[PDB]
Peer 1: 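One structure follows; several queries about it will come next.
Whatever order the structure lists them in is the order used to number ligands and atoms, beginning at 1. Order of the sequence lines sets the chain letters (A, B, ...), proteins ahead of strands, with each chain counted from 1.
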4 protein chains.
Amino acid sequence: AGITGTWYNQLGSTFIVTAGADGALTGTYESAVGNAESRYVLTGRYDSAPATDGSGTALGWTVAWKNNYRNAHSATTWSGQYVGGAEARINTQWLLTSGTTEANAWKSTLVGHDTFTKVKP
Amino acid sequence: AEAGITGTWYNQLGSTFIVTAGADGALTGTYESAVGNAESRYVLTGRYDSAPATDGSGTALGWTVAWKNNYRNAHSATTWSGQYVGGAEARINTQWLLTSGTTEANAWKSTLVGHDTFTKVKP
Amino acid sequence: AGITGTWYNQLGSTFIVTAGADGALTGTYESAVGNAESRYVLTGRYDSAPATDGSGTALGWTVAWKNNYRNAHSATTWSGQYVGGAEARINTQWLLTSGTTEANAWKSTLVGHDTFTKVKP
Amino acid sequence: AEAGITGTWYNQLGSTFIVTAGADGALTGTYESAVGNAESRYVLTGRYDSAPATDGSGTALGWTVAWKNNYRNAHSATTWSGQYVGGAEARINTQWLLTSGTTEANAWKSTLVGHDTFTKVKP
Ligand SMILES: O=C(CCCC[C@@H]1SC[C@@H]2NC(=O)N[C@@H]21)Nc1ccc([N+](=O)[O-])cc1
Ligand SMILES: O=C(CCCC[C@@H]1SC[C@@H]2NC(=O)N[C@@H]21)Nc1ccc([N+](=O)[O-])cc1
Ligand SMILES: O=C(CCCC[C@@H]1SC[C@@H]2NC(=O)N[C@@H]21)Nc1ccc([N+](=O)[O-])cc1
Ligand SMILES: O=C(CCCC[C@@H]1SC[C@@H]2NC(=O)N[C@@H]21)Nc1ccc([N+](=O)[O-])cc1
């Protein structure tokens with residue numbers, strides 16, 4: 001529906017997702033930055049029964065940076081909300097964790113925020 | 001990847017995390033929280049590195065849970081991001097972001113941040 | 001210098017700061033949202049000797065939401081960087097912690113991001 | 001506010017946090033980290049609620065440290081945000097954001113996030 005489609009964030013990354021009736025999110029992610037290449041599988045969940053007011057729809061998805069081409073031994077999870085309308089938007093904040101030794105654990109997680117704009121005409 | 005990830009885990013709050021790890025990187029299972037606007041199990045989905053590095057690094061992973069089942073809907077979603085550490089006392093160290101569906105006016109206070117540690121030992 | 005002055009974020013909040021030679025930041029903050037009113041004291045620290053390349057200047061500051069008018073029993077810390085030039089900017093990500101009982105501790109911290117634009121002509 | 005905040009604290013990493021709490025809400029002291037690009041003490045400044053609620057809520061506080069002294073400059077700053085809990089075994093539970101000075105091209109990977117727990121007991 002509103003979430004299903006093709007999106008892009010401020011970095012130029014590509015986000016193609018499909019929203020299922022049971023609240024499931026599946027698709028592929030293509031990052032424009034970092035030790036990444038081509039498409040990576042993504043999986044998430046969303047509130048399939050949001051508030052009818054002016055509230056956004058809570059959702060989230062994960063991407064392990066490993067495919068048949070590269071492995072950055074890391075995973076990112078995006079958490080945010082879908083805001084519908086003429087100009088659909090997905091505002092997120094993310095956590096990127098890397099696999100590290102017990103000694104380097106304190107510096108294993110980066111935090112950021114991505115804003116997605118919908119395309120798919 | 002000798003993933004001992006599969007199994008039933010518990011966090012410091014007493015929440016029950018049940019997961020199965022697929023050979024290709026998929027994570028699936030149910031989540032039951034001991035705190036907050038929730039009851040019974042909620043479906044969760046995630047991904048993990050099905051080929052961690054040879055050194056002694058943990059296995060990166062993450063998963064999400066929209067807080068809605070047949071009993072309630074807290075109009076929220078939580079994503080956990082972290083790493084699995086195998087061994088005698090296996091553990092999953094994570095940090096999470098909980099986003100609530102809100103109006104544009106309240107978007108600034110829509111996301112909580114925390115951290116949970118899961119072990120295979122009772123709450 | 002570059003940091004010293006008056007700033008505003010996307011929410012309409014007011015940030016008046018002075019950068020000291022020893023890396024100290026002092027000033028007042030006025031929030032446009034939340035259980036807040038008037039001016040609150042702020043204190044921070046910044047990298048007083050940044051890289052001469054195109055890097056930003058690392059900095060941070062804290063505000064306890066308590067003054068002679070209100071007390072929201074909370075404190076926010078902003079962490080980010082100052083990016084100079086014609087259009088000065090301060091990109092931050094913040095953590096807002098509230099005082100809570102041990103039972104409600106898991107939901108004591110909100111996270112967000114504020115972008116500041118400089119004014120003081 | 002019976003602030004037992006003042007004193008020397010240590011975190012799970014072995015870092016030493018020394019602070020003095022002013023009657024009006026100010027926090028000042030030095031910070032020494034056992035990990036990372038750092039050595040010796042670094043000046044820190046912060047604020048805390050000098051009038052917490054009457055119930056059993058913790059005392060909200062926060063502080064910053066730019067990582068530059070006479071020995072090194074890691075071109076970074078860390079802010080800790082959390083709450084003080086008094087009692088037999090006093091503790092300061094916090095979460096932090098570490099921002100590195102970077103170019104616009106690397107801004108997306110400039111901030112690390114974690115959490116530290118400070119107690120008055122040796123490392
Ligand atoms: O490079 C890797 C994998 C690609 C990460 C892309 C990130 S996901 C959040 C943000 N949104 C995007 O669309 N793209 C970026 N990961 C990685 C990064 C840093 C470190 N590190 O140690 O700093 C280790 C692995
Ligand atoms: O209560 C709800 C749903 C359940 C959330 C459980 C959280 S998931 C992170 C942490 N780890 C656990 O095992 N359990 C907790 N969500 C919610 C919470 C707060 C707000 N709020 O506005 O503050 C809105 C919705
Ligand atoms: O309302 C209060 C105090 C004012 C907070 C202003 C925040 S600081 C980050 C952001 N940037 C701004 O310029 N303004 C906002 N705090 C508070 C908020 C929420 C809760 N809560 O429980 O949800 C408790 C206390
Ligand atoms: O090494 C530096 C300076 C020292 C940082 C100490 C951190 S403060 C949070 C945590 N709590 C502690 O007590 N100690 C650690 N900073 C730095 C670290 C990583 C990167 N990086 O790019 O990954 C850049 C600068």
Peer 1: Evaluate C/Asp114 for polar contact with ligand 3, using N/O atom pairs at a separation under 3.5 Å.
Peer 2: yes

Peer 1: Has C/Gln10 got more than 12 heavy atoms of other residues, nucleotides or ligands less than 6.0 Å from its CD?
Peer 2: yes

Peer 1: Exactly one of D/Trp96, D/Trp9, D/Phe17, D/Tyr48 should register a ring-ring contact (aromatic ring centres under 6.0 Å, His included) with D/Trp63. Which one does?
Peer 2: D/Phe17

Peer 1: Give the numbers and elements of all ligand 1 atoms closer than 4.0 Å to a heavy atom of A/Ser98.
Peer 2: 20 (C), 24 (C), 25 (C)

Peer 1: Any atom of ligand 1 sitting under 4.0 Å from a heavy atom of A/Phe15?
Peer 2: no

Peer 1: Which atoms of ligand 3 sit under 4.0 Å from any heavy atom of C/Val33?
Peer 2: 4 (C), 6 (C), 14 (N), 15 (C)

Peer 1: Quick check on A/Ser31 - does any of its heavy atoms sit under 4.0 Å from an atom of ligand 1?
Peer 2: yes

Peer 1: Are the side chains of C/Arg45 and D/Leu44 in touch, meaning some heavy atoms are under 4.5 Å apart?
Peer 2: no

Peer 1: For atom CD of D/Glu39, is the number of surrounding heavy atoms from other residues, nucleotides or ligands below 6.0 Å larger than 12?
Peer 2: yes

Peer 1: With the threshold set at under 4.0 angstrom, would you say D/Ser76 reaches ligand 4 through any of its heavy atoms?
Peer 2: yes

Peer 1: Taking only heavy atoms of D/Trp80, which atoms of ligand 4 are found under 4.0 Å from at least one of them?
Peer 2: 8 (S)

Peer 1: Do any N/O atoms on B/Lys109 end up under 3.5 angstrom from N/O atoms on ligand 3?
Peer 2: no

Peer 1: Purely on distance, is any nitrogen or oxygen of B/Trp108 under 3.5 Å from one on ligand 3?
Peer 2: no

Peer 1: Which atoms of ligand 4 are found less than 4.0 Å from any heavy atom of D/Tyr31?
Peer 2: 11 (N), 12 (C), 13 (O)

Peer 1: Decide yes or no for D/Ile92 and D/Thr94: does some side-chain heavy atom of the first lie under 4.5 Å from some side-chain heavy atom of the second?
Peer 2: yes

Peer 1: Under 4.0 Å, heavy atoms only, figure out whether ligand 3 is touched by the backbone of C/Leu11, its side chain, both or neither.
Peer 2: side chain

Peer 1: Looking at C/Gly34, which atoms of ligand 3 are within less than 4.0 Å of one of its heavy atoms?
Peer 2: 1 (O)

Peer 1: Looking only at distance, does C/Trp65 have an N or O less than 3.5 Å from an N or O of ligand 3?
Peer 2: no

Peer 1: Should the heavy atoms of other residues, nucleotides or ligands under 6.0 Å from CZ of D/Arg41 be counted, would the total exceed 12?
Peer 2: no

Peer 1: Against heavy atoms of C/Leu96, which atoms of ligand 3 measure under 4.0 Å?
Peer 2: 16 (N), 17 (C), 18 (C)

